[PDB]
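The structure appears right after this line, and notes come after that.
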Amino acid sequence: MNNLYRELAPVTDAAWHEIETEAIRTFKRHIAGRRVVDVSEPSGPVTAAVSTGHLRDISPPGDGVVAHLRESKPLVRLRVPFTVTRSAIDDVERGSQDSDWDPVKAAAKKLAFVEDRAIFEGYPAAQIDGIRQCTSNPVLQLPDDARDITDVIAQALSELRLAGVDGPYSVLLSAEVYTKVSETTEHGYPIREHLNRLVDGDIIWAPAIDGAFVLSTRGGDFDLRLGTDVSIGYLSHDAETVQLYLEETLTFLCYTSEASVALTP
Amino acid sequence: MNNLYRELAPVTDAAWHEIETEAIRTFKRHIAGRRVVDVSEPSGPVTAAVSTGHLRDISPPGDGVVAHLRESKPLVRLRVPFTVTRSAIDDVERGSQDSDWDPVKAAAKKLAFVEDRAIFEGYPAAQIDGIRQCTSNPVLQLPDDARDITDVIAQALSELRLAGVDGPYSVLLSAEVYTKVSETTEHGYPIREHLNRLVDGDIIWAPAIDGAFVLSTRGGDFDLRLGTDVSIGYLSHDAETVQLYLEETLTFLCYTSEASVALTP
Amino acid sequence: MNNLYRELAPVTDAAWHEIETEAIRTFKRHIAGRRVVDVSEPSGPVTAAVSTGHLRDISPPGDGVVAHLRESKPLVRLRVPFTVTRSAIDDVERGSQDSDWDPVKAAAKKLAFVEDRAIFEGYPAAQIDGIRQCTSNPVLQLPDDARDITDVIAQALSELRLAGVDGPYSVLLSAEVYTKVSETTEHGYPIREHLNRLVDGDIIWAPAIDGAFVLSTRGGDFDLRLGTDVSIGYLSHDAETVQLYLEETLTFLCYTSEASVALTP
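Residue numbers (the authors' numbering), protein chains in the order written: chain E, 1 to 265; chain D, 1 to 265; chain D', 1 to 265. A prime marks a further copy of an entry chain.
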């Protein structure tokens, strides 16, 4: 057994497979960051920090000695508890295809939103600066008329190019802007056709964020470090319910302030 | 012989071949559900029920015993009788290529319509809840102006995504809406070109339904279980006509309330 | 793990082996039905219903369509909870041969009695008509004088024969009648010697029933369908006890009303 203690839960192999399958596809349907930042191979549960390579001054241990601390970023463990009914679990083996996995899906959405918000908007208590904080390019305002969205994206692109940043470039849109872009026509012409051909990368569904981002996916700019990737573990149970959780241990680092452009809602 | 008793019908092999060809191709031209739902391999004439995996409380058989009935969905047999003239039948062997199979086509249309309506709109006497009853996403209103159809479809897609449901996504349209979508332009630009590229799946001809559906075809959400697939059997004949029928025995189960969006006409 | 969750029980392999051995042998000592009816191979936890082959009229889905629901018999799950002391459990590994399995035996008796009563006397809540409801031959009265039992058994056999039902024939006796038959003499001659040679099949110990049955075991008349056979699963434990259960999921169908004769006490 590992720290997850799956083996102690009154959950069948079949139910585990359904629960995992749901957590993963739901997580994947909400997550945007992983589609554009570099995602590392999980390094295991021992990992507690990512070295930044920097030195920090501290007072010397004595005369004639110069001391620096090695600086690093701590990993954060994010855990989302959820509760499933034991009838949902047990029904799987009897051949149920509609066991209530809503709590899994809700937990998966919560975790994806937390991850994407950390990456894009910062998580100060976990010492994560988001792309919003890291960016050094002029911030752009998303227009009132959806028909002008291609104007601001074009301007974001030129900002990246002028900052000397190679592509390809991707755009992350909030749920609201994504929907507007996908439906809006200008004098009959779908702005999505215009916007799609303008960007050599992808136009990404990013429901966790407000506004939009335009950034390079050249690599080496945005570091999502995984200690342990999305996992499902066991907490407790009674006669009727099982309490489980989704968790991951990771951090995010932004190495290049000019590789991104933020667009506010 | 099997229950169809085809062998007792005064219908030649040649006529049988024509009747089948017509029934199948007509059926396929009208049917929409089978293009988006999971359609099982026919399990044969013995199958009467589909296990749902669930338990129903019943009063115990004595003290200290706990009893539960196993829940299942019954299959329904749908039979559509039709009558053909014996001159239509007999002309076939004589080289006729215009024998009157109108009654075959009328039966096939009737069966497809009954099947699709059961799938999408439900059939309470057969204990079938259709996708319309099943869905838990906000129901959307089709616009008066066809030029706005892409707006509602886009909102529908966003409902599916926000519900954590992966694609691909397909759109089913009533005969009326399909025809409108295929002909309508906004400032000259065909809204079909916009809508077709908006949907990674298909835009489906669904003449049996009113309004529209946008659903995921990821698999495992919508279950059409075939006992026996569309078949042609024999009832009776007189000097001038033969009474045949089309039939199938099946049921439909919807496992995921959030995998579809309904749009009302 | 499967739905039994045996692995979560604080019960050693040795104790499990003892509990099983006791449950099975106790079960077999009380059960009578399985000795005369057709007992199917367990079909697994997915099975929920047994097709009867019949059709039920339902209102049609529209004009010119004829609809019928497929009839099936639902399986019932019978569960008999029981509690054992943890000292009974733990003593096993220490070499104990008299651990208290009384609660296991009480559960097995309770289950056998519930099964046999369902088979012979019916279980309306589970939609099971027993042989008693099924039979169409004249019901016979067991005599006050045990010395006359061979008369009624002989009349019963004659009822079966006249109904055109081939043997071999077996006789099931209540605990009371069995004991009477085994001890009683007429003018010194044991009526058991007469009765045993009169019946080509067996005289069966049936402590679950009152009265008696004489039935054919030619096969295909009496159908005990097993979803899952007698099993031992785990519910909960505290410091001193473990709550387990016996269960099976099954149903019983009687296909031939004239293949049995009932004799009332």
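The beta-carbon is built from N, C-alpha and C at its ideal position, and this holds for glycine as well.
Closer than 9 Å at the beta carbon, the chain D' residues around E:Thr12: Residue numbering aside, residue 12 of chain E sits at position 12 when the first sequence is read from its first letter. Ordered by position in chain D', the residues that pass the 9 Å Cβ test against E:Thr12 are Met1, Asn2, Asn3, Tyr5.
Ordered list of alpha helix (DSSP H) runs contained in the stretch 164-209 of chain D, each at least 4 residues: 175-183, 191-198
Start and end residues, beta strand (DSSP E) containing E:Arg70: As a working note, residue 70 of chain E is residue 70 in the first sequence. From DSSP, the beta strand (DSSP E) with E:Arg70 extends over 68-74.
Cα-Cα separation, D:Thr217 to D:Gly201: What you label residue 217 of chain D is simply residue 217 of the second sequence in a count that begins at 1. What you label residue 201 of chain D is simply residue 201 of the second sequence in a count that begins at 1. Computed Cα separation, rounded: 8 Å.
Under 8 Å by beta carbon: chain D' residues contacting D:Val114: Translated into positions along the second sequence, residue 114 of chain D becomes position 114. Those are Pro61, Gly62, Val65, listed as they occur along chain D'.
D':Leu111: first and last residue of the uninterrupted alpha helix (DSSP H) it sits in: Start at 1 with the first residue of the third sequence, and residue 111 of chain D' comes out as number 111. 102-121 is the extent of the alpha helix (DSSP H) around D':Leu111.
Other residues of its chain near D:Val139: CB distance less than 8 Å, five sequence neighbours each side excluded: If you number the second sequence from 1, residue 139 of chain D lands on position 139. If we look at D:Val139 and ignore the five residues flanking it on each side, its Cβ neighbours are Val261, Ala262, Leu263, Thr264.
C-alpha distance - D':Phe82 paired with D':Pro190, whole-angstrom precision: Residue mapping note: residue 82 of chain D' aligns to position 82 of the third sequence, counting from 1. Residue mapping note: residue 190 of chain D' aligns to position 190 of the third sequence, counting from 1. C-alpha separation (whole angstroms): 42 Å.
Within-8 Å CB hit, E:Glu93 to chain D': Numbered from its first residue, the first sequence carries residue 93 of chain E at position 93. Judged by the 8 Å Cβ criterion, E:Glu93 is in contact with chain D'.
Cross-strand partners of E:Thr228 (DSSP beta bridge): Counted from its first residue, the first sequence places residue 228 of chain E at position 228. Its beta-bridge partners are E:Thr249.
Chain D' within 8 Å of E:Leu8, Cβ atoms only: Locating residue 8 of chain E in the first sequence gives position 8, counting from the first residue. Taking Cβ atoms only, chain D' reaches closer than 8 Å to E:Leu8, which makes this a yes.
Range of the contiguous beta strand (DSSP E) that encloses D:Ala49: The residue given as residue 49 of chain D occupies position 49 in the second sequence. Note, D:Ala49: beta strand (DSSP E), 49-57.
Proximal residues of chain E, C-beta to C-beta of D':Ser236 below 8 Å: For the purposes of this step, residue 236 of chain D' is taken as the residue at position 236 of the third sequence. Residues of chain E passing the Cβ test: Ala239.
Cutoff 8 Å; reference D':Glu18; Cβ partners in own chain excluding five residues on either side: Position 18 of the third sequence, counted from the start, is the residue given in the question as residue 18 of chain D'. Answer for D':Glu18: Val92, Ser99, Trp101, listed in chain order.
Where the alpha helix (DSSP H) containing E:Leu157 begins and where it ends: Along the first sequence, read from residue 1 onward, the residue named residue 157 of chain E stands at position 157. Taken as a continuous stretch (DSSP letters only), the alpha helix (DSSP H) holding E:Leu157 covers 149-162.
Per-residue DSSP class, three states only, for D':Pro81: What you label residue 81 of chain D' is simply residue 81 of the third sequence in a count that begins at 1. Here D':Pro81 sits in strand by DSSP.
CB of D':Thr228 within 8 Å of CB of D':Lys73, strictly: Walking along the third sequence from the start, residue 228 of chain D' turns up at place 228. Walking along the third sequence from the start, residue 73 of chain D' turns up at place 73. No.
Unbroken beta strand (DSSP E) run spanning D':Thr264, endpoints: Residue numbering aside, residue 264 of chain D' sits at position 264 when the third sequence is read from its first letter. 260-264 is the extent of the beta strand (DSSP E) around D':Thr264.
Check whether E:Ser174 and E:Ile209 have beta carbons under 8 Å apart: To locate residue 174 of chain E, count along the first sequence from 1; it is residue 174. To locate residue 209 of chain E, count along the first sequence from 1; it is residue 209. Their beta carbons are under 8 Å apart, which means E:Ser174 touches E:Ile209 by this criterion.
E:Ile58 versus E:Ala49, E:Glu71, E:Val50, residue with shortest Cα-Cα distance: Walking along the first sequence from the start, residue 58 of chain E turns up at place 58. With distances taken between Cα atoms, E:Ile58 lies closest to E:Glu71.
Length of the line joining the Cα atoms of D:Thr256 and D:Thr52: Within the second sequence, residue 256 of chain D is the residue found at index 256, counting from 1. Within the second sequence, residue 52 of chain D is the residue found at index 52, counting from 1. For D:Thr256 and D:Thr52, the distance between alpha carbons rounds to 13 Å.
Inter-stretch contact at 8 Å, needing at least 3 Cβ pairs: the stretch 221-238 of chain D / the stretch 3-20 of chain D': no
E:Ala125 classed as buried or exposed, judged by whether at least 16 other C-beta atoms fall within 10 angstroms: Position 125 of the first sequence, counting from 1, holds the residue named residue 125 of chain E. The residue is exposed, with fewer than 16 neighbouring Cβ atoms inside 10 Å.
Under 7 Å (Cβ pairs) to chain D, residues found in the stretch 100-126 of chain E: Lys105, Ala108, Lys109
Status (buried if at least 16 other CB within 10 Å, exposed otherwise) for E:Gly211: Position 211 of the first sequence, counted from the first residue, corresponds to residue 211 of chain E. That one is buried.
is_contact[E:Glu247, chain D] using C-beta, thresh 8 Å: Position 247 of the first sequence holds residue 247 of chain E. For E:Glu247, the answer is no, since every Cβ of chain D falls outside 8 Å of its Cβ.
Interface flag, E:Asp90 vs chain D', CB-CB below 8 Å: To locate residue 90 of chain E, count along the first sequence from 1; it is residue 90. Yes - at least one Cβ of chain D' is within 8 Å of the one on E:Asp90.
Contact belief for E:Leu224 with E:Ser43 at Cβ below 8 Å, rounded distance in angstroms: For the purposes of this step, residue 224 of chain E is identified with residue 224 of the first sequence, where counting begins at 1. For the purposes of this step, residue 43 of chain E is identified with residue 43 of the first sequence, where counting begins at 1. Going by Cβ atoms, the distance from E:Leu224 to E:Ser43 rounds to 12 Å, so no, they are not a contact pair.
Neighbour list for D':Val37 in chain E, Cβ cutoff strictly below 7 Å: For the purposes of this step, residue 37 of chain D' is taken as residue 37 along the third sequence, with counting starting at 1. Ordered by position in chain E, no residue passes the 7 Å Cβ test against D':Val37, which lies about 25 Å from the chain.
Residues bridged to D:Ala212 [DSSP beta-bridge criterion]: Along the second sequence, one-based indexing puts residue 212 of chain D at 212. BP columns for D:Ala212 point to D:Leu173, D:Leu263.
For D':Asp38, three-class secondary structure by DSSP: Residue numbering aside, residue 38 of chain D' sits at position 38 when the third sequence is read from its first letter. Strand.
Pairwise C-alpha distance: E:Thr184 and E:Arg192: One-based indexing of the first sequence puts residue 192 of chain E at position 192. One-based indexing of the first sequence puts residue 184 of chain E at position 184. Between E:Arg192 and E:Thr184, the C-alpha separation is close to 8 Å.
Extent of the continuous alpha helix (DSSP H) to which D':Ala15 belongs: Mapped onto the third sequence, residue 15 of chain D' falls at position 15. It spans 13-30 - the alpha helix (DSSP H) in which D':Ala15 sits, taken as one unbroken run.
Burial state of E:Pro103, where buried means 16 or more other Cβ atoms lie within 10 Å: Start at 1 with the first residue of the first sequence, and residue 103 of chain E comes out as number 103. Under this definition E:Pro103 is a buried residue.
Interface residues of chain D facing E:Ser96 [CB-CB closer than 8 Å]: Position 96 of the first sequence, counted from the start, is the residue given in the question as residue 96 of chain E. Within 8 Å Cβ-Cβ: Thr52, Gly53, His54.
Proximity of D:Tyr234 and D:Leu78 at Cβ, strictly below 8 Å: What you label residue 234 of chain D is simply residue 234 of the second sequence in a count that begins at 1. What you label residue 78 of chain D is simply residue 78 of the second sequence in a count that begins at 1. No, Cβ-Cβ distance for D:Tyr234 and D:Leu78 is not below 8 Å.
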